[PDB]
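Now for the letters of each chain:
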Amino acid sequence: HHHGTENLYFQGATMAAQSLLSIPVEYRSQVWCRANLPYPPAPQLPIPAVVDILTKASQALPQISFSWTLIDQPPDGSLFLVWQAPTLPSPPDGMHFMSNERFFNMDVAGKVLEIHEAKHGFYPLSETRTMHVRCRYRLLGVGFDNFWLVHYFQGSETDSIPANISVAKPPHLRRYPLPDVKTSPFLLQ
Ligand SMILES: [Cl-]
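The rules behind these values
Residues numbered from 1 in each chain as written, not as in the entry; some residues may be left out. Heavy atoms only, no water. Residues with missing side-chain atoms left out of burial classes, pairs and counts. Core = buried A, V, L, I, M, F, W, Y, C linked by side-chain atoms within 4.5 Å. Buried < 20%, exposed > 50% of the residue type's maximum accessible area, 1.4 Å probe, protein only. Helix = DSSP H or I, 4+ residues; strand = E, 2+ residues; numbered from the N terminus. Pairing = 2+ DSSP bridges. Contact = heavy atoms within 4.5 Å. Polar contact = N/O pair within 3.5 Å; in protein donor to acceptor, adjacent residues only side chain to side chain.

For this coordinate set, the PDB header names X-ray crystallography as the determination method and states a resolution of 1.770 Å.

The name given to the chain in the PDB entry is SWI/SNF and RSC complexes subunit ssr4, with the source organism recorded as Schizosaccharomyces pombe. Readers searching the PDB will find this entry under the title "The X-ray crystal structure of SSR4, an S. pombe chromatin remodelling protein: native".

Structure, rendered in structure tokens:
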């Protein structure tokens, strides 16, 4: 009646469900399911690098843990491996955008790579011009459909445009300060 779509994804994911239930209800919509790696930071990745990173993560999955955690204003270079349903909205990350996220599809070795590219990213508390890009990648048909590489990096000078939260997406500033909510680790395979 509120959770039918989420429930589909937690049929098999019991540990992940148990961990989310340990979080106060008001923060359950706010957390990412993020791998405990962490990835070394990187500039914008070549497409074959993206495909290799997701492929290696799919092969290593039984030895990689995840925590529910808040992501906020990550520095340029930040790369995360996340578990997320493609039919649910991305949780907040403190970034706002002056343009709509664009969805591209590439064929790589007979597989679909999704590229969700959000240019014109800004941090409204500290930026009056856009300075960032967020990309969300996933690789389909390799048994890793609901896992994503999320990458934050510096925008080009030419793409920088005036920023104003009043017309940005998402439309609401998140509430600060953030609570400490990071769960103990769990497995997803
Ligand atoms: Cl637009």
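**Q** Could you give an account of the nonpolar core, with specific residues and numbers?
**A** In this structure, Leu 54, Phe 66 and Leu 113 are the most contacted members of the largest nonpolar core, which totals 36 residues. Elements with a minimum of two residues in this core: α2 (14–21), β1 (32–35), α4 (47–60), β2 (66–69), β3 (79–83), β6 (111–122), β7 (132–139) and β8 (147–154). Listed in part, the 11 residues of the second largest apolar core include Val 82, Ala 118, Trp 148 and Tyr 152.

**Q** Got a sec to walk through the pairing of β3? Specific residues and values, please.
**A** Counting buried residues along β3, 5 of its 5 residues qualify, which places the element largely inside the surrounding structure. Along β3, one buried face is formed by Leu 79, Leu 81 and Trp 83 and the opposite face, lined by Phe 80 and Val 82, is buried too. Examined bridge by bridge, β1 and β3 share 2 bridges and lie antiparallel to one another. Within the sheet, the bridge partner assigned to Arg 34 lies in β3 and is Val 82. Relative to β8, β3 runs antiparallel, the two sharing 5 bridges. The partner of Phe 80 across the bridge, within β8, is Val 150.

**Q** Go over unusual backbone geometry with me, naming the residues and quoting the values.
**A** Keep in mind that most residues, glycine aside, have a negative phi and that most peptide bonds are trans. The amide bond that connects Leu 37 to the next residue, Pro 38, takes the cis arrangement and shows omega of -10°. Note the cis peptide between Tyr 176 and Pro 177, where omega equals 0°. Among the structural elements, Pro 177 can be located in the segment after β8. A positive phi angle, near 60°, is found at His 120, a position not held by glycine. Here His 120 lies in strand β6.

**Q** Give a detailed account of the environment of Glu 114, specifying residues and quantitative values.
**A** Secondary-structure assignment places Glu 114 in strand β6. What makes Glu 114 buried here is its relative accessible area of 7%. The spatial distance from the C-alpha of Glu 114 to the C-alpha of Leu 37 is 23 Å, given a sequence separation of 77 residues. Residues within four places of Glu 114 in sequence aside, it is in contact with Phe 103, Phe 104, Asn 105, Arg 136, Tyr 137, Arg 138, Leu 140 and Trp 148. A distance of 2.8 Å separates polar atoms of two side chains, one belonging to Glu 114 and the other to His 116.

**Q** Any details on the pairing of β8? Residues and values, ideally.
**A** Most of β8 sits inside the fold, with 7 of its 8 residues counted as buried. By the bridge criterion, 6 bridges tie β7 to β8 in an arrangement that is antiparallel. In the strand pairing of β8, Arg 136 is matched with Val 150.

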